[PDB]
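Have a look at the structure below before the remarks.
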Amino acid sequence: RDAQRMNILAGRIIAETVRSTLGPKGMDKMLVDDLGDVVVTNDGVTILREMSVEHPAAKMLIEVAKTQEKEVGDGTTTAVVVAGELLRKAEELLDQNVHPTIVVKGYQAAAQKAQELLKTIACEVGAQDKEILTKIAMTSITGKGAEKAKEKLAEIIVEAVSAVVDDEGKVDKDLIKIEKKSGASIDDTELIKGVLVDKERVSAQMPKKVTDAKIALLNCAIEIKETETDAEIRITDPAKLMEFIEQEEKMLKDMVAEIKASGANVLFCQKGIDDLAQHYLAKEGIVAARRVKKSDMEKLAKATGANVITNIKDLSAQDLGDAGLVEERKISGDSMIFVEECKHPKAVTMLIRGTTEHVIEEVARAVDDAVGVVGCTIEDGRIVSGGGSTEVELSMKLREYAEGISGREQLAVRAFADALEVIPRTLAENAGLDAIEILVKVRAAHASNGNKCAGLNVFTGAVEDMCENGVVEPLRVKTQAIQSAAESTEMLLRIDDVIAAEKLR
């Protein structure tokens, strides 16, 4: 009869399976499909992909997460666990002779009112504030897994975001890139100036150790070019193999000589080069390369002061490039240079170092996400104290402001406040502590003149400072969750154009 009563119970099942999987520490479930591949992933959208749905009333709970996942791509699960709580509370009031129109009207009023109260509590952060910028490093590195030396790693990684700041004070994630190679320790990486090349050689032959060498950035190749008109090549003389090999050397000796005579010394070709042509570069001491990634000519435009020219035959003095500090260093075998740009942000390559292929890759899974949570704070230049602090702070104010709202809509504004305090509750159950006797103590700090920089620590299990400890998340990761949640949860109550039994199309 009610029909919808069968759908309200579906949001709790999909939310319960991803309820205890919050916070850094937490088990990961697995939905073994008909294939057999057993995989586990703590991320939110990952587990939702490889999974089958039964009732078609669940295609509107994940769709709202895709909009936020494409932007911040972090903390999207927090917006789903909060919907299941306020959903169960709606059932407790629906049977009390309350129409759904009165419940949907309260969430819209509480959601819009929370914006005015959030901006006041939202702290301020400057792009140039070096003292405050370092506080964001410990907040990001600790939200993943690297406590073995967070005090040292957080000091060298802050130098990148601190130096790759633009005049306007913003920063993008595409300007940062990470790699992985063999080495000793992560401290081997150094920041000076320049952009690193991605691709490498294919055959070992050319010299690989020449300190101070002029670089030439061009795109061309030395091969028999064919005219635009349709033509072909015919050969009927097997006795013509050891002839052009000597004549072709004259065209390459004087041509390649212009590269060294002009001033340049290193060149990144676009296509493979003959083997014999490479043996001469070793004895003469000339360095060269080939098969360079296309996404490297524009990066080295101003990073070193070079010029991008098409053809290589006409490499005059004006068509010469430039390099920063070509200091060759043996990288546990192959000597290369790790030039890193910072003065002019364009594409820094803070590669990873380590004496283990399995460890250098593990750090990449974390450092790649640190620039995102740390870079977004510099863009908008605003941050709100997290860790269950902003949740208990607003709940105490909505109760006092709700006294003035006279009408039947005062039941939703009060029940909605109990759904915002679920963030510290899930973290308490993970540690194995009673989530009832501890909530009364959290409100003691944020009673009257409680500092907004306070919250709760899951490790020690007691109220501590947020900014000092480093528990402050951006403002867009929490405002978009509550704003998108209030707009998506109300869709289930609204019905008018449902896909009832009226043909598939």
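Identifiers in this document derive from the order of the structure tokens: chains are assigned A, B, ..., residues are numbered from 1 separately in each chain, and ligands are numbered from 1 in order of occurrence.
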
- request: Could you give me, as a PyMOL selection string, the residues within 7 Å of region 441-453 of chain A, counting only C-alpha atoms and dropping anything in the same chain fewer than 5 positions from it?
  value: chain A and resi 385+392-393+463+465-467

Residue contacts of residue 58 (chain A) (10 Å, only C-alpha atoms) excluding same-chain residues fewer than 6 positions away, as a list in words: residues 7, 10, 11, 14 and 492 of chain A

Those residues you just picked out, can you put them in a file as a CSV table (one decimal), in the first residue's frame with C-alpha atoms?
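Final file, selection35.csv:
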chain,number,residue,atom,x,y,z
A,7,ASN,CA,12.6,2.0,-0.2
A,10,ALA,CA,17.2,0.4,1.5
A,11,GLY,CA,19.3,3.4,2.4
A,14,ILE,CA,23.8,0.4,1.7
A,492,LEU,CA,12.9,10.2,-1.9

query: From the list A:177, A:55, A:19, A:330, which residue is nearest residue 423 (chain A) when using only C-alpha atoms?
result: A:19

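The closest residue to residue 287 (chain A), picked from A:193, A:367, A:262, A:205 and counting only C-alpha atoms, is A:205.
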
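Nearest to residue 464 (chain A) of all the residues A:435, A:480, A:397, A:389 is A:389, based on only C-alpha atoms.
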
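Among the candidates A:493, A:352, A:197, A:27, the one nearest to residue 101 (chain A) when counting only C-alpha atoms is A:493.
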
field: From A:235, A:57, A:195, A:458, residue lying nearest residue 338 (chain A) [only C-alpha atoms]
entry: A:195

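Look at residue 112 (chain A): the protein and nucleic acid residues within 12 Å of it, using only C-alpha atoms and passing over chain neighbours fewer than 5 places away, are residues 105, 106, 107, 117, 118, 119, 413, 479, 480, 482, 483, 484, 486 and 487 of chain A.
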
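DSSP secondary structure from the backbone places residues 266, 267, 268 and 289 of chain A of region 257-293 of chain A in strand (DSSP E or B).
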
What would the file look like if the residues just selected were written as a PDB file, in the first residue's frame with N, CA and C atoms?
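Written file, again.pdb:
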ATOM      1  N   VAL A 266      73.182  18.997 -25.969  1.00  0.00           N
ATOM      2  CA  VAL A 266      72.237  17.903 -25.787  1.00  0.00           C
ATOM      3  C   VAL A 266      71.003  18.189 -26.629  1.00  0.00           C
ATOM      4  N   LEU A 267      70.462  17.145 -27.254  1.00  0.00           N
ATOM      5  CA  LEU A 267      69.296  17.272 -28.115  1.00  0.00           C
ATOM      6  C   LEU A 267      68.366  16.092 -27.883  1.00  0.00           C
ATOM      7  N   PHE A 268      67.069  16.379 -27.806  1.00  0.00           N
ATOM      8  CA  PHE A 268      66.038  15.361 -27.613  1.00  0.00           C
ATOM      9  C   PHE A 268      65.334  15.146 -28.948  1.00  0.00           C
ATOM     10  N   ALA A 289      69.677  12.550 -27.159  1.00  0.00           N
ATOM     11  CA  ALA A 289      68.570  11.752 -26.652  1.00  0.00           C
ATOM     12  C   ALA A 289      67.582  11.518 -27.787  1.00  0.00           C
TER      13      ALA A 289
END

query: Residues at most 7 Å from region 281-285 of chain A, counting only C-alpha atoms, excluding those fewer than 2 positions away in the same chain, as a list in words?
result: residues 206, 207, 278, 279 and 287 of chain A

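Closest approach to residue 56 (chain A) from the set A:18, A:499, A:30, A:204 is made by A:499, with distances taken over only C-alpha atoms.
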
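The space separating CA of residue 59 (chain A) from CA of residue 20 (chain A) comes to 22.4 Å.
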
field: Å distance separating CA of residue 454 (chain A) from CA of residue 472 (chain A), one decimal place
entry: 10.2 Å

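Put simply, CA of residue 209 (chain A) is 24.6 Å away from CA of residue 254 (chain A).
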
With the cut-off set at 12 Å and counting only C-alpha atoms, tabulate each residue of region 251-368 of chain A with an atom at most that distance from an atom of region 158-170 of chain A, showing the nearest atom pair and its distance in Å to one decimal, ordered by chain and increasing number, as a Markdown table.
| residue | atom | partner | partner_atom | distance |
| --- | --- | --- | --- | --- |
| A:340 | CA | A:160 | CA | 9.4 |
| A:341 | CA | A:164 | CA | 8.1 |
| A:342 | CA | A:164 | CA | 5.1 |
| A:343 | CA | A:163 | CA | 6.4 |
| A:344 | CA | A:164 | CA | 6.9 |
| A:345 | CA | A:164 | CA | 5.0 |
| A:346 | CA | A:164 | CA | 8.3 |
| A:347 | CA | A:164 | CA | 9.4 |
| A:348 | CA | A:160 | CA | 8.3 |
| A:349 | CA | A:160 | CA | 9.9 |
| A:350 | CA | A:160 | CA | 8.2 |
| A:351 | CA | A:160 | CA | 11.9 |
| A:367 | CA | A:158 | CA | 11.6 |

Prev. selection, C-alpha atoms, output as a PDB file, in the first residue's frame:
ATOM      1  CA  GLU A 340      62.901  20.683  -9.874  1.00  0.00           C
ATOM      2  CA  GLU A 341      61.146  23.958 -10.663  1.00  0.00           C
ATOM      3  CA  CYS A 342      59.817  26.186  -7.888  1.00  0.00           C
ATOM      4  CA  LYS A 343      60.431  29.849  -8.725  1.00  0.00           C
ATOM      5  CA  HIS A 344      58.064  29.688 -11.720  1.00  0.00           C
ATOM      6  CA  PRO A 345      55.374  27.047 -11.051  1.00  0.00           C
ATOM      7  CA  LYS A 346      54.592  25.005 -14.158  1.00  0.00           C
ATOM      8  CA  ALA A 347      55.190  21.295 -13.535  1.00  0.00           C
ATOM      9  CA  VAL A 348      57.322  20.227 -10.571  1.00  0.00           C
ATOM     10  CA  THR A 349      58.332  16.546 -10.446  1.00  0.00           C
ATOM     11  CA  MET A 350      59.051  15.731  -6.783  1.00  0.00           C
ATOM     12  CA  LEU A 351      60.106  12.168  -7.522  1.00  0.00           C
ATOM     13  CA  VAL A 367      51.926  11.927  -1.546  1.00  0.00           C
TER      14      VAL A 367
END

Output as CSV one row per residue of region 443-480 of chain A within 10 Å of region 61-76 of chain A: the closest atom pair and its distance in Å to one decimal place, counting only C-alpha atoms, sorted by chain and residue number ascending.
residue,atom,partner,partner_atom,distance
A:474,CA,A:72,CA,9.8
A:476,CA,A:72,CA,8.0
A:477,CA,A:75,CA,6.6
A:478,CA,A:75,CA,8.2
A:480,CA,A:68,CA,7.3

Restrict the selected residues to N, CA and C atoms and save them as a compact mmCIF listing (two decimals), in the first residue's frame.
# COMPACT_ATOMS: atom_id res chain seq x y z
N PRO A 474 39.37 21.32 5.05
CA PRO A 474 38.81 22.44 4.28
C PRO A 474 37.34 22.64 4.58
N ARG A 476 35.03 23.32 2.02
CA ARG A 476 34.22 22.78 0.94
C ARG A 476 33.97 21.28 1.09
N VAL A 477 34.77 20.59 1.90
CA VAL A 477 34.58 19.16 2.09
C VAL A 477 33.42 18.85 3.02
N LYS A 478 33.00 19.81 3.84
CA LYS A 478 31.89 19.62 4.78
C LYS A 478 30.64 20.40 4.40
N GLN A 480 29.68 21.23 1.25
CA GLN A 480 29.07 20.57 0.10
C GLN A 480 28.40 19.26 0.50

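Using only C-alpha atoms, the residues found no farther than 10 Å from residue 180 (chain A), other than those of its own chain fewer than 5 positions away, are residues 350, 351, 352, 353, 354, 357, 359, 360, 361, 362, 363 and 364 of chain A.
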
Residues from the last selection, N, CA and C atoms, saved as a tab-separated table (two decimals), in the first residue's frame:
chain	number	residue	atom	x	y	z
A	350	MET	N	58.45	16.17	-8.05
A	350	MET	CA	59.05	15.73	-6.78
A	350	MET	C	59.05	14.21	-6.75
A	351	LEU	N	60.01	13.62	-7.46
A	351	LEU	CA	60.11	12.17	-7.52
A	351	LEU	C	60.38	11.58	-6.14
A	352	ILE	N	60.12	10.28	-6.01
A	352	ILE	CA	60.32	9.56	-4.76
A	352	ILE	C	61.62	8.77	-4.86
A	353	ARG	N	62.30	8.64	-3.72
A	353	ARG	CA	63.56	7.92	-3.64
A	353	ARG	C	63.47	6.85	-2.56
A	354	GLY	N	64.19	5.75	-2.77
A	354	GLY	CA	64.19	4.65	-1.83
A	354	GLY	C	64.89	3.42	-2.36
A	357	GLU	N	61.78	-1.19	-4.55
A	357	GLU	CA	60.72	-0.89	-5.50
A	357	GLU	C	59.34	-0.95	-4.84
A	359	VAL	N	58.67	-0.02	-1.67
A	359	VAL	CA	58.49	1.09	-0.74
A	359	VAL	C	58.31	2.41	-1.48
A	360	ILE	N	59.05	2.60	-2.59
A	360	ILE	CA	58.93	3.84	-3.34
A	360	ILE	C	57.52	3.99	-3.92
A	361	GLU	N	56.87	2.87	-4.24
A	361	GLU	CA	55.51	2.93	-4.77
A	361	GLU	C	54.48	3.16	-3.68
A	362	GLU	N	54.74	2.69	-2.46
A	362	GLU	CA	53.79	2.89	-1.37
A	362	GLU	C	53.67	4.36	-1.01
A	363	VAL	N	54.79	5.09	-1.03
A	363	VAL	CA	54.75	6.51	-0.71
A	363	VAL	C	54.00	7.28	-1.79
A	364	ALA	N	54.02	6.80	-3.03
A	364	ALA	CA	53.31	7.48	-4.11
A	364	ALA	C	51.80	7.45	-3.89

message: Report as a PyMOL selection string all protein, DNA and RNA residues lying within 9 Å of region 248-252 of chain A, evaluated on only C-alpha atoms, omitting residues in the same chain fewer than 5 positions from it.
response: chain A and resi 222+243+257+277
